[PDB]
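Written out below as structure tokens is the structure these notes cover.
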Amino acid sequence: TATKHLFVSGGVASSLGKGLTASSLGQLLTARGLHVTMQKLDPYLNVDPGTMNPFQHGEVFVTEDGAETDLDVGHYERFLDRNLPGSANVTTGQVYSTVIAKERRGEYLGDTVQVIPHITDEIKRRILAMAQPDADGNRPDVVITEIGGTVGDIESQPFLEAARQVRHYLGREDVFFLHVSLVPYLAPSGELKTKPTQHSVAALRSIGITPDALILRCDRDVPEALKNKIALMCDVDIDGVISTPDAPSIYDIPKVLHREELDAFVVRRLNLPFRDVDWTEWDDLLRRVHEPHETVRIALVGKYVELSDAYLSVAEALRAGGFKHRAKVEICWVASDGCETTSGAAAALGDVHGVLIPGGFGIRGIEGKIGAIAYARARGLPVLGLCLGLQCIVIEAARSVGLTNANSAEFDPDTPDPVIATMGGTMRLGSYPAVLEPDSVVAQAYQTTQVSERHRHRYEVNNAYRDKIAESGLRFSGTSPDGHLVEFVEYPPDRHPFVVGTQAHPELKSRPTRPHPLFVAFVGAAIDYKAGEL
Amino acid sequence: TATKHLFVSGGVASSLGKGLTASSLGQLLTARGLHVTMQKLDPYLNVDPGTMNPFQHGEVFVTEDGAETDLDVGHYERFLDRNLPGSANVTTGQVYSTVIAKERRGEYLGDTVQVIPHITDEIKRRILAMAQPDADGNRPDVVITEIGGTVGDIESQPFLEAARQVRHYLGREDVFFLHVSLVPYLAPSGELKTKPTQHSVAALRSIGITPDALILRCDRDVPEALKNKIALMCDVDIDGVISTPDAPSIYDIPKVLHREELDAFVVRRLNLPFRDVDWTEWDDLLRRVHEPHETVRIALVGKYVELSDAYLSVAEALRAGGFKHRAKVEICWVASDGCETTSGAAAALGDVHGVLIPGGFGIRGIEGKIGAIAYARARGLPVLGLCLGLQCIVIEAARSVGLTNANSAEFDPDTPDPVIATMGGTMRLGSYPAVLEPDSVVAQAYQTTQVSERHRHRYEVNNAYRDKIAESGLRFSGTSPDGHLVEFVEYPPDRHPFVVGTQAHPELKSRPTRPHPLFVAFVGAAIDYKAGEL
Amino acid sequence: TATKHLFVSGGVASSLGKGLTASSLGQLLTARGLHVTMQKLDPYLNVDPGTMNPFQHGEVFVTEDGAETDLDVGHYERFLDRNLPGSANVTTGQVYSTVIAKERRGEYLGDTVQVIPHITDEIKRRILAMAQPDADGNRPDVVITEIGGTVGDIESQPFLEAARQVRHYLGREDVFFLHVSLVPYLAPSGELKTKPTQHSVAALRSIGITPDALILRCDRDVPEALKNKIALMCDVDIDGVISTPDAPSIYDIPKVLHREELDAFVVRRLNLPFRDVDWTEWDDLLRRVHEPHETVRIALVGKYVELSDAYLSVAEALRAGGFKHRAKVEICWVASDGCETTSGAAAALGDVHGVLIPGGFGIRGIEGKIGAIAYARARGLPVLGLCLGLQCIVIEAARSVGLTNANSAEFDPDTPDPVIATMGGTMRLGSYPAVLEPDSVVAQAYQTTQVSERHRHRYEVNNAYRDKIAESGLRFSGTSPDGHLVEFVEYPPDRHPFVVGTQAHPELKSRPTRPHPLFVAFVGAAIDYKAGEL
Ligand SMILES: Nc1ncnc2c1ncn2[C@@H]1O[C@H](COP(=O)(O)OP(=O)(O)CP(=O)(O)O)[C@@H](O)[C@H]1O
Ligand SMILES: Nc1ncnc2c1ncn2[C@@H]1O[C@H](COP(=O)(O)OP(=O)(O)CP(=O)(O)O)[C@@H](O)[C@H]1O
Ligand SMILES: Nc1ncnc2c1ncn2[C@@H]1O[C@H](COP(=O)(O)OP(=O)(O)CP(=O)(O)O)[C@@H](O)[C@H]1O
Ligand SMILES: O=c1ccn([C@@H]2O[C@H](COP(=O)(O)OP(=O)(O)OP(=O)(O)O)[C@@H](O)[C@H]2O)c(=O)[nH]1
Ligand SMILES: O=c1ccn([C@@H]2O[C@H](COP(=O)(O)OP(=O)(O)OP(=O)(O)O)[C@@H](O)[C@H]2O)c(=O)[nH]1
Ligand SMILES: O=c1ccn([C@@H]2O[C@H](COP(=O)(O)OP(=O)(O)OP(=O)(O)O)[C@@H](O)[C@H]2O)c(=O)[nH]1
Ligand SMILES: *CC(=O)CC[C@H](N)C(=O)O
Ligand SMILES: *CC(=O)CC[C@H](N)C(=O)O
Ligand SMILES: *CC(=O)CC[C@H](N)C(=O)O
Ligand SMILES: [Mg+2]
Ligand SMILES: [Mg+2]
Ligand SMILES: [Mg+2]
């Protein structure tokens, strides 16, 4: 049948969890054998999130095709176990620059270029593009489009109008509206309130959209009497009124939605091929999530100590590495600035079982990350470095063999030894192939000598320093196919059981149901270190 | 005191006449000795109206500084008798491209770039820029900002939010909101309806704006009982409820607003220096408008026969030329396509007293305009050619002396004689100086040999053909100061009493209270032709 | 099938003609063989319109069962040719007093009595009651419910909410929403505007109602391009976008709606039994409306004659009387106060062909109505008196025979001769039987001696004065079955060709397709007077 469009909107307030609810619905539909693709509409004017501070706004996700996207695409890829195109993230910035650029070229042939229909046609074009056959030739069954911003706000109006037009042009049989609302609890009276959902749905209806179902985000179960009140006042089928209480883990959200039979309601309402959910893969994940056999502590040596969306894909990849070993990864958020000195690094990393040095696109404090690697090497702690992490492993190795002032030309342009430098240079974005040295730590982890990983960097290992850096025992165990670019570094296992660096972001290809081989090997080495210390 | 901001919004429906009401208020405040400047906020995405078809969307106005703007700037200049900057026209296209370009350069330093505050800050910046001292050093007393689009529509939301923020930041003492509404008449019941104004004001209030006054656009006088109902339901001072019935001429609108004492209400509400209106100049204009001593028929040989906004400044300049002679100019709208043949041109121009060949930026049908000039020359009819008009006078002169296939390379790239060609070339926009031949028709009209006029063209008279074209008797009576570019052409008065062409758009510098010298001389020649035919 | 509910709402402004559009649709569906009943929901607090000044708010219609209702019930009866129950008019006043009375008796059993659901349940009950089998045992096919007030106003909110709940409970298959909007014309630009319809439909959608069709009230045909714009922006089937221009006569509206195929769209959308319209009866009416063979002038001697709805059923009955004779009745609206003196009555009634003295519930000036009858008797003008009219005929007869101070005790309680008096008394409402004198003017008009007419009065002919009044020649040609109450009066044809009075309101039983026998005889006598004057 025709590709179906399922729009996810939000009401009352932001940060209710629309993205994770949409992803969980995507997981449930995928588990029913449906081909699901997902898309995020971001009402911000940044053409891409590359200009945003990730320490304030969250990580930048990078797709296989090299697009810098909102972190939500990461949630979609993790719940669908699918590579999404750069088209899966639409911003107001992209839409307006595209339309204005076409206007300047005279492509609208003398027309007054307007929000309606020219801006809404562009958004609609980007929504409908998701229903085109992919590279393998497959057309999706369902396109889940998450509409960023809140209903009733100015910024979301062109997106919501485009979604209303998609419904008008494709008909009610091919389009479904899911609206996420808040049911707050008032502690003095002890009651849940439906009034915000009532008003939010009236604002949604006022812009021409009739919700087919409602996600009632709450800190508790929404009683049947409240669901009945909402069904009546909002004119939503009672089977489409979904009590969605805060879940203990993000992996529990599909079970919350399935208990309320939201996915079965969606399949019936869109007249999609029906098949029962195959719970094999997700039940296996939930056993690894809720029933670990051991705990392991990993230091994430980033900008700060607060649990951060700036390292979301890294944190998820670490946990997934744990799941593979039926282990619980406890992340010790360590501020890199505190690891600069040997006593500072000892106080911060003395009780961990592994040290992860993550990526740091646009950051400035590097001496703390180098300090953490120097401590971990001496302590015998496993190390996994990602992009900036590999660069810090390379800088620390060069300094350990006499190049005292070795650095990246990015962080010290006046360094006499730029062991990390541009090839200014070439920004490497998206998937790049690498060839691994057979029997190396990285080749043993991947169980192959030919791999591909996603990149986001313009600084590379300076090849003029390979022989000098190798004096530390560090091996260039992975390179580009022509051998010019260093892609992976590692110490021999007889010197350090696990010290590995990668120029790429393997965390982006990690899934909770498909852990990344490097994170599996890293967590495995951390479990080994813990057992050796007992 | 502080520069005041007066915002003009529209409700119920578009095309009510907001621009002319704002201009008329601008005239009334100017006549009270206040320094008034005006600005139009256009919600369209066209960075400038240059890509719009003027035959569908109206003429492009060109300012002294060379900006291509909405025709509304023309209304402002005509009612204020002032040159306005390119900043007097803000479009959504300009705002979004400026903000997106700053975002791409990293000027927002890691911020999420949003409609609020980044888009609204840019609009607010453009509104507040109008309050800066001009080139002569003068700061305006009042900035009248017309908000395009209708209240309740999506496209106007960022502009209205910016205006609300201007009020918030400057205070109620420095900001005034004027809302234009429709009071429709229902013929079966014979009654006027206030309900649309009631609902429009509630929509305006819902976005945070309280109107200080209301323009009640109607086909009849709004009775006191209806004004009282509106004052009460909309909470507007009865002195700010303005009955604005459709006026016989646009020049009558200041008298309609003054009778209702809107300008006195505005001056008192904004605590502006009070002075009575000096009616000397406007009463003089109204006597020329309503009490002409003679009538004269002028053919406007444009694309079509319907009264058009595509030639608004030309039509206004023709009427102003008439006012100077205490004459009524009757415009005979003649489709150029019908003047290609000698019999067609005779049928179309046989009963007129003058022929105006207007500008035609982006048009295709030129043979009809050349045909009209050939007929007018043989008939002894006065001719005034503007931009394309001069080019058509030059082409017709070249063909009359044997260059049968003479043309502009714009309309016939394969012409063996490109008498009009690029210097591709250089687009000339805005004010350019010209030096006139003393005792020429053009120098006698201007009463000076040094002039400046506004341009909008890239094709010029090909200097290689000057000697050949002059064989017709045509004189290059005006040039650029270095003598390289032809700016004016004319025939000797002994051959044709008035056949003049200009590369510029003198109509743009015309005002109803200050007619342009070329239009005064042209209409004067048309009055002479009429009298000679009696 | 199930009884269908068709709701008629209004937007933009009041007095657009919702009632006549609904009635015309009722006529079209009746002509397709459907059993249609109609109901008006009035948002005013008057329990019945009896306390309203009819000279400000329009006539009070009286049903067979004696309910005093809004004049709209009259339009319904005239277009359906059916007697409607008192239940066909619901007011806010009725609903709130019913619910408050139930609350005071404890019928809500400890509940908080609320607008939702208690007021809306009462309105819904009154809407659904219209679908119950009538006295003959027949259940209607369609109930057309007109919702008074304008969408977006406070007063209509409970009615609109009840209609939304009827849709929710019965489903989309049994409920249809028709929304009436205004398409205004802007004379300076010459354009029709769709913006008010766009905004009105968004307000209707915001309160939970999706219109199935739109009535576009306009002073001209709405072009296809504007209908296409509305279909797209309002998301209404193009087949349901109805151009409804101002019609020359109210009886032309069914043809306007049929041309746009609204009735066929309604029948298909509600899955009603389909049958073609039988145009026999209505085409016959339209020939009498548009092709009269003669014109006749009738004075309507009302207390206050603005040309208002205060005498709507009288004016319609006069026209229907004309139709029967293939004549056009021109109503000369005459203020009764000007007919008090014989010279005043001569100036006012000198050029008419008949004099109608209508009912005057709540009036104070009766001397002018008596003066008009005295003039008409002397002039030989036909007279038809309704309720107060009969009473004035009786008072004038008594005074013409020497009872100089004869009057009604209603207008002069101190009269020594109350020829009109109570039995205080008994208010007679609705249908009452009368027995007519065989071979009397009234029996010859009705062509029967047994009739029934609707009443609205408490004053009667004082039987103690029958012998004295009869001295004038006046006959008591119609009485109650027991002979106690005077129902009809007339002069013998050998004294006056046509001077008739009735205590009732025969105009209420008049239909354009079924003229009332008294109005047929009256207009016939007026045609005779005109012919005798030539
Ligand atoms: N059902 C649920 N229970 C608990 N936490 C939840 C949740 N749904 C979402 N979250 C939390 O919300 C966080 C942010 O993701 P979310 O889905 O809320 O984005 P969003 O759509 O509301 C905002 P934006 O569009 O700016 O990205 C997740 O990291 C997760 O921890
Ligand atoms: N009071 C009035 N009486 C008669 N005509 C009037 C009028 N006010 C305006 N008009 C007419 O309206 C025409 C268009 O100018 P107007 O002021 O209506 O623009 P606007 O602000 O409504 C639309 P936009 O923003 O797209 O330019 C004028 O050419 C004039 O003839
Ligand atoms: N198509 C049409 N052509 C001409 N006149 C029309 C018309 N439709 C309605 N009218 C006129 O409009 C007036 C108001 O009609 P109507 O009673 O139906 O309006 P309404 O329903 O808005 C008032 P209420 O609020 O009292 O119910 C009447 O004088 C009627 O004759
Ligand atoms: O009327 C409005 C208000 C706000 N916005 C948009 O809201 C966006 C901010 O998105 P948020 O959801 O964070 O709103 P908030 O900060 O105002 O309130 P909190 O829930 O965070 O406490 C901004 O990007 C702005 O464009 C509108 O579009 N319209
Ligand atoms: O909800 C809406 C509808 C329309 N619009 C905006 O209205 C603009 C069109 O401006 P108009 O005033 O011409 O509206 P219209 O054509 O829809 O109706 P008419 O009055 O002309 O009959 C378009 O440029 C669009 O962006 C909104 O911003 N929001
Ligand atoms: O927002 C509002 C305004 C008014 N009303 C209600 O409107 C009713 C008056 O109804 P009208 O339609 O007569 O309004 P109006 O007189 O103000 O304007 P026009 O006729 O000129 O169009 C009153 O009974 C009042 O309660 C609302 O319910 N809500
Ligand atoms: C990828 C990473 O962690 C840092 C990127 C840095 N700016 C670069 O190496 O180019
Ligand atoms: C100015 C005018 O009328 C036409 C401009 C034309 N395109 C040109 O000469 O460049
Ligand atoms: C019936 C009428 O209109 C006036 C008569 C008066 N109210 C009465 O007889 O009670
Ligand atoms: Mg999200
Ligand atoms: Mg304007
Ligand atoms: Mg009605």
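Here the protein sequences line up with chains B, B' and A, keeping their order. A prime marks a further copy of an entry chain. The first sequence maps to residues 7 to 429, 443 to 553 in PDB author numbering. The second sequence maps to residues 7 to 429, 443 to 553 in PDB author numbering. The third sequence maps to residues 7 to 429, 443 to 553 in PDB author numbering. Don't be surprised by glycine CBs; every beta carbon is placed ideally from N, CA and C.
Chain A beta carbons: is any one of them nearer than 8 angstroms to that of residue i?
i         : result
B':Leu22  : yes
B':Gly158 : yes
B':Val18  : yes
May I ask which residues mark the beginning and end of the beta strand (DSSP E) holding residue i?
i         : result
B':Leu455 : 447-455
B':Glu509 : 505-509
Return yes when at least one heavy atom of ligand 6 lies under 7 angstroms from the C-beta of residue i, else no.
i        : result
A:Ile160 : yes
State the Cα-Cα distance for the pair residue i and residue j, rounded to the nearest angstrom.
i        : j         : result
B:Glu322 : B:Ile106  : 39 angstroms
B:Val96  : B':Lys375 : 49 angstroms
A:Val172 : A:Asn52   : 25 angstroms
B:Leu527 : B:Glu70   : 9 angstroms
A:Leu176 : A:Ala28   : 21 angstroms
Where does the unbroken alpha helix (DSSP H) through residue i begin, and where does it stop?
i        : result
B:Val539 : 536-551
B:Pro164 : 163-176
B:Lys261 : 259-265
B:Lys201 : 201-212
Can a CB atom of chain B' be found closer than 8 angstroms to the CB of residue i?
i        : result
B:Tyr317 : no
B:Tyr310 : no
B:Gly25  : no
A:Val96  : no
B:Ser529 : no
B:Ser103 : yes
Taking 8 angstroms as the CB-CB limit, is residue i close to chain B?
i         : result
B':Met44  : no
B':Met446 : no
Is the beta carbon of residue i within less than 7 angstroms of some heavy atom of ligand 10?
i        : result
B:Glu152 : yes
For ligand 12, is there a heavy atom less than 7 angstroms away from the beta-carbon of residue i?
i       : result
A:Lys24 : yes
Compute the minimum distance between the beta carbon of residue i and the heavy atoms of ligand 11, and state whether it is under 7 angstroms.
i        : result
B':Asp48 : no
Inset, instruction - Would you list, in chain order, the members of the stretch 197-214 of chain A that have their beta-carbon closer than 7 angstroms to a beta-carbon of chain B? - result: Result list: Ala208, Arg211, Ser212, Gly214.
request  = Scan the stretch 216-241 of chain B for residues whose Cβ lies nearer than 9 angstroms to a Cβ of chain A and list them as they occur along the chain.
outcome  = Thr216, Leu238, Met239, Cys240, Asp241
| field | Interface residues of the stretch 161-179 of chain A facing chain B [CB-CB below 9 angstroms] | value | For the stretch 161-179 of chain A, the residues whose beta carbon sits under 9 angstroms from a beta carbon of chain B are, in order, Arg170, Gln171, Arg173, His174.
Residues in the stretch 238-262 of chain B' with C-beta within 7 angstroms of chain A's C-beta atoms, listed in sequence order? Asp252
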